[PDB]
Amino acid sequence: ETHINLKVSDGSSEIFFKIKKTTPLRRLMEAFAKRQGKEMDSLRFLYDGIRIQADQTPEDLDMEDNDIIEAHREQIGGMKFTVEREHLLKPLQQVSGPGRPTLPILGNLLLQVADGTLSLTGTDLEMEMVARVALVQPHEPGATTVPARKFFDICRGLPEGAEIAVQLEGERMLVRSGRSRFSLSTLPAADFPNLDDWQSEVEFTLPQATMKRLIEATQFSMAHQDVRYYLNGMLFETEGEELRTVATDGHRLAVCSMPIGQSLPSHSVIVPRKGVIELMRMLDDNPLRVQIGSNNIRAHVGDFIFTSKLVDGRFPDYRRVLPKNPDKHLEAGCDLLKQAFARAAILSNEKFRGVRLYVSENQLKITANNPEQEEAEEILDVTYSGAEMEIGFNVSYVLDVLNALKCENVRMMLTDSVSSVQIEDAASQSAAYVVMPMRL
Amino acid sequence: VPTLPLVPXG
Ligand SMILES: [Ca+2]
Ligand SMILES: [Cl-]
């Protein structure tokens, strides 16, 4: 695994080379030009459209076995394409999701034209989004980077049905449509960062709606800027035939498990908060293919590919957080409970948000008081036959759970006044929520 | 304001 096999092709002639991963590609380029009877200057060597510099090595470019170097007749800043606005709008919106004065290139999109395809890539150094757009019209291979927001806004601002022609002029990118002309500043494609390749460890396909359910069921329970950096993300776990997400901030936990119809090795990784956000943005036809490595995750959706670094830490075991014997079960309509908590919350303490629950035979009383000595009281019919108890909660955490349960009836599983409560859909164990009480 | 039994941190 010290050397690399490479194919160099000019569209008719193909020459193969074995070189050390640490050897500069200069000798390879000059030898190919020599076989063609052409001058070294008369050709440009493109790797996925990006111009290779003679001092770069395969290792520098993360090349892999049987990668292809395309020799093209010299064309300084040669990238050129013409595409329908409608074919660019969603790709541009998607990749512009993931920008400092010291890192201007991170506010740019990488554009690559190669093999009949326009690729657009956005990155923030820790995640990247790539879109592929088929080029139906004539084009010329090459690459550049261009300010993402300005390019998107220009394309969006052009009229419905416009064709957008793009080419390079010195250090600018010229965009033309109708009698509209725009010249944007560029930075070299060779300077755009790219995550090095990695090995997928577990791989599975699942419907977009299933992944969306898993994230929406738990996303609200993630920590915000917790020093326990692992809590700011979402645990993604494979076990048996299920995929599971877990989120917690130390006061509440959410766990959701869904079947994915294929038994898998057990694997457990932490996806960062911004990665969870980007994953959700992609879940707009076809299903979703997920690859999970030891330090990275990748999601393939249609003609998009999202990759994110993982959070390197030890996520808590939700199994240890679930109440051990929550033997007092209350069931109530979800909407009726939510509306009662929402009204009681109006007169709770604005900072601590405590409300008090009194459970008795088939009845729940919710009360709230604030420093002004205002008081709310709500009485509901519920199903409950356990011992009477009084337990306090942060009403925001309770409302967060009830809003995430999109169901007819909920079950609250109680132990005592100082122990966590487990809340689930009365009809489904797919998701579970655990909320610590406040002391009274 | 007690926490869930997270190890560490509670
Ligand atoms: Ca048109
Ligand atoms: Cl039900």
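Residues numbered from 1 in each chain as written, not as in the entry; some residues may be left out. Chains lettered and ligands numbered in written order. Heavy atoms only, no water. Residues with missing side-chain atoms left out of burial classes, pairs and counts.

Per the PDB record, this model was obtained through X-ray crystallography at a reported resolution of 1.7500 Å.

Description of the layout of surface pockets
Residues and elements named next belong to chain A. To keep things clear, this is the line we draw: Here the term cavity refers to a set of points on a 1 Å grid, laid over the protein atoms alone, in which a 1.4 Å probe fits but cannot get out; the term pocket refers to an open set having protein on both sides within 12 Å along at least five of seven lines, with lining residues being those that place an atom within 4 Å of a point. Grid points are joined across faces, edges and corners, and a volume is the space filled by probe spheres set on the points. Helix and strand definitions follow DSSP, with helices as H or I runs of at least four residues and strands as E runs of at least two, each counted in order from the N terminus.
Reported here for the second largest pocket is a volume of approximately 430 Å³. What lines the second largest pocket is a set of 23 residues, and nearest its centre among them are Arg51, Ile76, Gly77, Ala143 and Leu168. The leading source of residues in the lining of the second largest pocket is strand β10 (residues 142–147), at 3 residues.

Here's the deal with helix α7 (residues 395–404) of chain A
All names here are of chain A. This is how it is decided: The cut-offs for exposure are 20% and 50% of the maximum accessible area for each residue type, with area from a 1.4 Å probe on protein chains only; residues under the lower value are buried, those over the upper are exposed, and the others partly exposed. Polar contacts here mean pairs of N or O atoms no more than 3.5 Å apart (in protein, one a potential hydrogen donor and the other a potential acceptor; neighbouring residues in sequence count only if both atoms are side-chain atoms).
Burial of α7 is extensive: 7 of the 10 residues sit out of reach of the surface. When α7 is considered as a whole, its buried residues turn out to be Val395, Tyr397, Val398, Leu399, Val401, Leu402 and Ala404. Measuring from the backbone nitrogen of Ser396 back to the side-chain oxygen at the start of α7 gives 2.9 Å, which picks out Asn394 as the cap.

Section: unusual backbone geometry
With an omega of 5 degrees, the peptide bond running from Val7 of chain B to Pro8 of chain B counts as cis. The phi dihedral of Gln225 of chain A falls on the positive side, at around 55 degrees, and the residue is not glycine. Here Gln225 of chain A is to be found in the loop between α4 (208–218) and β15 (234–248). Judged by relative accessible area, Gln225 of chain A falls into the exposed class, the value being 67%. Positive phi outside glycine occurs at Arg353 of chain A, with the angle close to 60 degrees. Examined against the element boundaries, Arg353 of chain A turns out to sit in the loop between α6 (334–345) and β21 (354–360).

Comments concerning the sheet that holds strand β3 (residues 43–47) of chain A
Residues and elements named next belong to chain A. How we decide: Note on pairing: two strands pair once DSSP finds at least 2 bridges between them. The contact criterion used is simple: two residues touch if any of their non-hydrogen atoms lie within 4.5 Å. Interaxial angle, 0 to 180 degrees, is taken between N-to-C directions of lines fitted to C-alpha atoms, where a helix line uses only the stretch in contact.
Ordered in space as β2-β1-β5-β3-β4, the 5 strands form an open sheet in which the pairing is mixed. Of all strands in the sheet, those bounded by a partner on one side alone are β2 (14–20) and β4 (50–51). Here helix α1 (residues 26–35) sits on the sheet and contacts β1 (3–9), β2, β3 and β5 (67–73); the angle it forms with β2, its principal contact strand, is near 160 degrees.

Considering the coordination of the calcium ion (ligand 1)
All names here are of chain A. Note the cut-off: Metal sites are built from N, O and S donor atoms within 2.8 Å, or 3.2 Å for Na, K and Ca, and they leave out water, so they may look incomplete.
In this structure, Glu84 (OE), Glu84 (OE), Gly161 (O) and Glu163 (OE) serve as the protein donors to the calcium ion (ligand 1), at separations of 2.3 to 2.5 Å. The partly exposed category is assigned to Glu84, whose relative accessible area is 29%. Assessed through its relative accessible area of 45%, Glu163 is described here as partly exposed.

A look at the packing of aromatic side chains
All names here are of chain A. Let me state the cut-off plainly: Two rings from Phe, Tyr or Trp (for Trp, the six-membered ring) form a pair when their centres are within 6.5 Å of each other. A pair whose planes differ by under 30 degrees is stacked, one over 60 is edge-to-face, and the rest are tilted. Placement of a positive charge over a ring is assigned whenever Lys NZ or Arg CZ falls within 6 Å of the ring centre and within 35 degrees of the normal to the ring plane.
In total, this model carries 3 aromatic pairs over all chains according to the counting rule given. Relative to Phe45, the ring of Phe32 has its centre 6.3 Å away and its plane inclined at 85 degrees; by these criteria the two rings are edge-to-face. Here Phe32 is found in helix α1, whereas its partner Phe45 is found in strand β3, with 13 residues between them in sequence. As far as the burial class goes, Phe32 and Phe45 line up, both buried. Here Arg156 stacks its cationic end above the ring of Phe152, 5.0 Å away from the centre of that ring.

What to know about the sheet that holds strand β17 (residues 288–292) of chain A
Residue and element names in this part refer to chain A. Overall, antiparallel pairing links the 8 strands, which are arranged β10-β7-β8-β9-β19-β18-β17-β14 in an open sheet. Either end of the sheet is taken by a strand with one partner, and the two such strands are β10 and β14 (202–206). Averaged over all pairs of adjacent strands, the angle between their axes in this sheet comes to 15 degrees, without regard to strand direction. Relative to β17, β14 is paired through 5 bridges, and the arrangement is antiparallel. By the bridge assignment, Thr205 is partnered in β17 with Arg289. The sheet strands contacting helix α3 (residues 148–157) are β7 (108–114) and β10, and the helix crosses β10 at an angle near 90 degrees.

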